[PDB]
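A short worksheet on the structure shown next.
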Amino acid sequence: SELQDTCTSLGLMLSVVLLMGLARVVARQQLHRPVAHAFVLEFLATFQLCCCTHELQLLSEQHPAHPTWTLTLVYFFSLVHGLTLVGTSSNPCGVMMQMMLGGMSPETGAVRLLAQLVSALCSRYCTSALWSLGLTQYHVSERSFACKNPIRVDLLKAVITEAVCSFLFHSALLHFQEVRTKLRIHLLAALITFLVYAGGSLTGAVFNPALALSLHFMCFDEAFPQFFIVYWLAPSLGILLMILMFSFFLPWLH
Amino acid sequence: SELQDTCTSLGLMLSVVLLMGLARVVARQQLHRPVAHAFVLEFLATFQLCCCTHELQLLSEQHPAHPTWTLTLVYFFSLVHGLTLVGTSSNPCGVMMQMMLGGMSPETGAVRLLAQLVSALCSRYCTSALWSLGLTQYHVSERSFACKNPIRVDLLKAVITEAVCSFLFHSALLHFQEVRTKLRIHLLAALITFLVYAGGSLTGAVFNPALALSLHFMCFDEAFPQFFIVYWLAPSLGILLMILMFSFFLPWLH
Amino acid sequence: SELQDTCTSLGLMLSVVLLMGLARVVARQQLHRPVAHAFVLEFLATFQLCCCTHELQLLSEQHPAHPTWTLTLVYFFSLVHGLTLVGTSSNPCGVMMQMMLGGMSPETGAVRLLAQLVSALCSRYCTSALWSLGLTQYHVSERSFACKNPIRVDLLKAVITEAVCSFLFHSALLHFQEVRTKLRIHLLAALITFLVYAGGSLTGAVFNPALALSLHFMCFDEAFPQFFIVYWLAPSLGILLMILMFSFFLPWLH
Ligand SMILES: CCCCCCCCCC
Ligand SMILES: CCCCCCCCCC
Ligand SMILES: CCCCCCCCCC
């Protein structure tokens with residue numbers, strides 16, 4: 001059973017990576033509107049990131065005796081996302097950073113933000129639509145779209161965790177811009193793995209409002225402000241701390 | 001209580017970073033003597049590193065159920081030190097490396113070493129002077145300036161830990177000189193976090209004679225040679241191993 | 001006893017690094033045949049990597065209460081191998097990568113593969129020949145050349161672990177080619193440490209057919225196909241996945 005349970009989980013994620021890769025190839029051959037192409041690529045990139053993260057989290061909770069096993073898979077798939085999702089953010093907090101600490105206009109930023117939000121809801125539905133066709137034994141429940149409360153620490157602790165992780169990732173994302181592309185993807189994948197390892201036991205270390213929407217949508221519906229604070233406000237506060245540090249403090253300090 | 005306990009701890013460290021940042025700005029505007037400016041900046045940089053590390057260690061022991069939570073804060077503040085303390089070492093072992101494996105003259109090296117030692121004692125006093133004004137509930141004890149014996153492993157194990165960590169950090173510090181500044185700070189912050197994670201449970205992973213003086217001054221007074229060996233001799237032995245490896249062995253090997 | 005037990009373990013590894021360093025220097029002064037020089041250097045590099053890994057694993061199992069202590073030593077010696085074993089692979093899977101995803105001819109690749117295999121068997125014999133002269137208390141058993149079954153996870157889990165680790169390391173090895181040499185060695189040492197930390201509790205995280213031959217030769221003899229699948233097939237499958245990803249998928253995707 002576990003032989004079929006594990007193979008199906010990896011197979012679906014590799015299927016999704018190939019399926020969104022083909023969709024990117026197809027879109028790149030019949031989408032000559034720059035705004036429309038920006039929307040579709042962001043929709044595909046967010047869908048891949050959400051579905052793979054959904055499967056990775058489900059794999060982890062089915063394998064509690066080997067926490068280090070999923071850590072390598074988290075690194076592997078973070079590296080895969082970097083190599084295949086070039087030119088996208090798949091993160092609303094990343095879009096605010098490029099609009100504020102960068103040259104991204106609000107016109108293209110609004111389209112990317114919308115594409116991420118539609119993809120996050122679509123990824124959850126496809127996540128719920130999948131796992132209902134049979135396949136894995138644990139997929140039969142399909143999580144029953146039941147809130148699991150990813151955050152167990154206090155409200156203040158979770159906000160600090162998400163703000164610091166958002167600050168740590170996006171500052172590196174901003175500071176690795178001039179770095180060689182191949183090296184940068186490996187560095188960001190390593191940083192993502194550390195943040196997940198550091199924050200996964202406390203908050204889940206999402207620092208991604210769109211990804212948190214797909215993972216914990218039913219948690220959001222039950223208690224909106226508490227989840228909206230931890231996963232939408234706190235990561236956005238890490239981006240604001242980058243503005244204060246890298247636009248006001250450091251330029252004046254040096 | 002824990003909501004006020006945690007907020008005060010972060011608030012003080014961010015206060016110190018801003019307060020030493022302003023002092024650096026003020027010093028940079030009224031200190032035209034190059035030797036005097038070198039002393040003050042090293043005093044401010046060592047004070048910030050000692051006070052933040054004091055608060056981080058105190059936060060960690062108050063939060064034993066979430067060891068990964070402090071790990072992100074350790075990374076965050078290591079990154080902050082790299083961004084704000086440019087041009088300083090805040091490490092006596094780093095000064096020996098620049099005097100020996102570098103062009104730093106003993107004239108400027110002696111001033112930096114003194115500034116670190118005055119700052120380490122001043123940081124401890126300000127650490128003891130603080131926490132006595134009330135503020136946090138656990139601050140009321142203010143650690144009671146009581147030896148906590150940071151090293152529990154055998155004497156040989158702790159010496160190896162401090163020598164290897166000093167070798168690992170300072171070799172990277174030497175080898176990341178040509179690396180882009182923004183990338184280098186992120187890499188050294190990650191390395192610091194690993195060494196603290198790897199060595200914190202055994203020695204504390206200081207590899208910094210000045211920082212160890214502030215953290216464990218009362219431990220030093222009770223048993224000097226044992227702490228002087230682990231925290232002053234062993235880190236200095238890691239620098240010597242770098243001289244043997246990178247000046248004698250490797251040049252002859254290649 | 002443990003003071004002598006630990007000092008002997010570090011002393012032998014540093015002795016081997018110096019002894020293979022001198023042999024490399026001697027070979028570089030009396031070997032004018034390029035094929036012969038390629039064989040000897042690969043034999044010396046594989047011997048150093050196998051013997052140090054043998055001692056590191058033996059140190060780790062003698063020190064179960066301080067798992068983080070050996071992690072720093074694993075990083076330290078991985079960094080040492082990078083600095084002293086320049087121009088070699090010490091990995092059969094690395095040789096396939098250079099023959100397939102690179103310009104290494106099969107003529108020089110076959111000599112390197114043979115040199116690794118002779119060294120792995122010679123390292124095991126010298127490992128068994130050593131520890132029989134007395135020295136450490138735990139060396140007296142000298143592991144009794146008894147199978148320890150490094151893999152406890154299921155067959156499917158171990159194959160995934162070795163394939164992913166081989167993919168993760170060798171893709172970074174391929175993508176760090178243009179990176180500065182000094183930075184690259186530090187990055188690969190960090191990646192090796194993570195893979196060992198991530199995979200050591202499940203498989204041992206070898207992703208090195210030659211190294212696995214020396215470590216678990218008696219395990220190989222007892223149950224060949226099961227160990228040949230995990231340590232020879234699975235790492236070679238990670239290299240094949242790199243070919244599919246970096247020669248077929250990514251070029252067509254972008
Ligand atoms: C602790 C989990 C994350 C560790 C990542 C280390 C990667 C090294 C640089 C590629
Ligand atoms: C920025 C490179 C990745 C950071 C990983 C640091 C891990 C340290 C704690 C294990
Ligand atoms: C030099 C970059 C930081 C090194 C971190 C390695 C962590 C490996 C064990 C988790």
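Selection over the range C:116-140 of residues that are touching a residue at least 40 places away in the same chain (Cβ under 8 Å), among the hydrophobic types (A, V, I, L, M, F, W, C) and assigned to a loop (DSSP other than H, G, I, E, B) gives a count of 2.
State whether the residues of the range A:145-154 include one that is free of Cβ contacts under 8 Å to residues at least 40 places away in the same chain and within 16 Å of ligand 1 (Cβ to nearest atom). Spell out how you get there, then give the answer.
Our first condition is that a residue be free of Cβ contacts under 8 Å to residues at least 40 places away in the same chain; within the range A:145-154, this holds for A:154.
Filter once more, keeping what is within 16 Å of ligand 1 (Cβ to nearest atom): none.
No: zero hits.
Quick check on A:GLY103: is it free of Cβ contacts under 8 Å to residues at least 24 places away in the same chain and either among the small types (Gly, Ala, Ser) or not in a helix (DSSP H, G or I) (or both)? So A:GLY103 fits the description; yes.
The residues of the range A:20-33 that are surrounded by fewer than 15 Cβ atoms within 10 Å (Cβ to Cβ) and either within 14 Å of chain C (Cβ to nearest Cβ) or among the charged types (D, E, K, R) (or both), listed by number, are A:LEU22, A:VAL25, A:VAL26, A:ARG28, A:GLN29, A:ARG33.
Within the range B:54-64, can you find the residues that are closer than 20 Å to A:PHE194 by Cβ and over 16 Å from the mean Cα position of the chain (by Cα)? So that I can check it myself, show each step before the final result.
Here is the first cut: in the range B:54-64, the ones closer than 20 Å to A:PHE194 by Cβ are B:56, B:59-60, B:63.
Across the range B:54-64, the qualifying residues are B:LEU59, B:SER60, B:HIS63.
With the structure loaded, tell me whether B:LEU49 is closer than 19 Å to B:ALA189 by Cβ, surrounded by fewer than 22 Cβ atoms within 10 Å (Cβ to Cβ) and under 17 Å from the mean Cα position of the chain (by Cα) or whether it fails that test. Spelling it out, it is not the case that B:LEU49 is closer than 19 Å to B:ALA189 by Cβ, surrounded by fewer than 22 Cβ atoms within 10 Å (Cβ to Cβ) and under 17 Å from the mean Cα position of the chain (by Cα).
Restricting attention to the range B:141-157, which residues are within 10 Å of another protein chain (Cβ to nearest Cβ) and in a helix (DSSP H, G or I)?
Of everything in the range B:141-157, those that are within 10 Å of another protein chain (Cβ to nearest Cβ) and in a helix (DSSP H, G or I) turn out to be B:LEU155, B:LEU156, B:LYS157.
Residues of the range C:22-75 that are under 24 Å from C:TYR125 (Cβ atoms) and part of a loop (DSSP other than H, G, I, E, B): C:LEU31 alone.
When you look at B:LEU183, is it within 16 Å of ligand 3 (Cβ to nearest atom), of a type outside the set (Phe, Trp, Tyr), surrounded by 17 or more Cβ atoms within 10 Å (Cβ to Cβ) and in contact (Cβ under 8 Å) with a residue 24 or more places away in the chain, yes or no? Even if it seems obvious, please write down each step before you answer.
Details: within 16 Å of ligand 3 (Cβ to nearest atom): yes; of a type outside the set (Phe, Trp, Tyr): yes; surrounded by 17 or more Cβ atoms within 10 Å (Cβ to Cβ): yes; in contact (Cβ under 8 Å) with a residue 24 or more places away in the chain: no.
The answer is no for B:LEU183.
When B:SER128, B:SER60, B:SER90 are screened for being more than 14 Å from chain C (Cβ to nearest Cβ) and buried (at least 23 other Cβ atoms within 10 Å of the Cβ), only B:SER90 passes. Candidates are the residues of the range C:175-195 that are under 16 Å from the mean Cα position of the chain (by Cα) and within 14 Å of ligand 2 (Cβ to nearest atom); the one that is farthest from the other protein chains (Cβ to nearest Cβ) is C:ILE192. Answer with yes or no whether A:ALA172 is in a helix (DSSP H, G or I), over 15 Å from the mean Cα position of the chain (by Cα), more than 16 Å from ligand 2 (Cβ to nearest atom) and surrounded by 17 or more Cβ atoms within 10 Å (Cβ to Cβ). No: the conditions fail for A:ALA172.
Counting only residues that are part of a helix (DSSP H, G or I) and touching a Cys at 6+ places or on another chain (Cβ under 6 Å), which one in the range B:183-208 is nearest to ligand 1 (Cβ to nearest atom)? That would be B:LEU195.
Can you tell me which residue within the range A:85-100, out of those that are part of a helix (DSSP H, G or I) and touching a residue at least 24 places away in the same chain (Cβ under 8 Å), is nearest to A:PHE217 (Cα to Cα)? Here the answer is A:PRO92. Answer with yes or no whether B:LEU187 is among the aliphatic types (A, V, I, L, M) and closer than 25 Å to B:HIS66 by Cβ. It is false that B:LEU187 is among the aliphatic types (A, V, I, L, M) and closer than 25 Å to B:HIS66 by Cβ. Here is a check on your reading of the model: is B:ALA198 surrounded by 24 or more Cβ atoms within 10 Å (Cβ to Cβ), under 19 Å from B:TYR75 (Cα atoms), of a type in the set (A, V, I, L, M) and over 15 Å from the mean Cα position of the chain (by Cα)? So B:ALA198 passes the test.
For the range B:73-84, which positions are touching a residue at least 12 places away in the same chain (Cβ under 8 Å) and within 10 Å of another protein chain (Cβ to nearest Cβ)? Break it down into steps so the answer makes sense when it comes.
Looking only at the range B:73-84, we keep the residues that are touching a residue at least 12 places away in the same chain (Cβ under 8 Å), and these are B:73-75, B:77-84.
Listed by number, the residues that qualify are B:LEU73, B:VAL74, B:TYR75, B:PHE77, B:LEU79, B:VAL80, B:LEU83, B:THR84.
Of everything listed in (1) polar (S, T, N, Q); (2) under 17 Å from the mean Cα position of the chain (by Cα); (3) more than 16 Å from ligand 1 (Cβ to nearest atom), the single unmet condition for A:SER78 is (3). Tally time: how many residues in the range A:170-180 are more than 14 Å from ligand 3 (Cβ to nearest atom) and touching a residue at least 12 places away in the same chain (Cβ under 8 Å)? The total comes to 4. Residue count for the range A:34-57 satisfying the condition of being out of contact with any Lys or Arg (no Cβ under 9 Å at 6 or more places or on another chain), within 14 Å of chain C (Cβ to nearest Cβ) and aliphatic (A, V, I, L, M): 1. Scanning the range B:61-72 for residues that are in contact with a helix residue (DSSP H, G or I) (Cβ under 6 Å, 6 or more places away or on another chain) and in contact (Cβ under 8 Å) with a residue 60 or more places away in the chain gives a single hit, B:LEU71.
Every number in this text was worked out from the coordinates using simple rules, so none of it is lab data. Note that each Cβ is placed from the backbone with ideal geometry, even for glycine, and that neighbours are counted across all protein chains shown.
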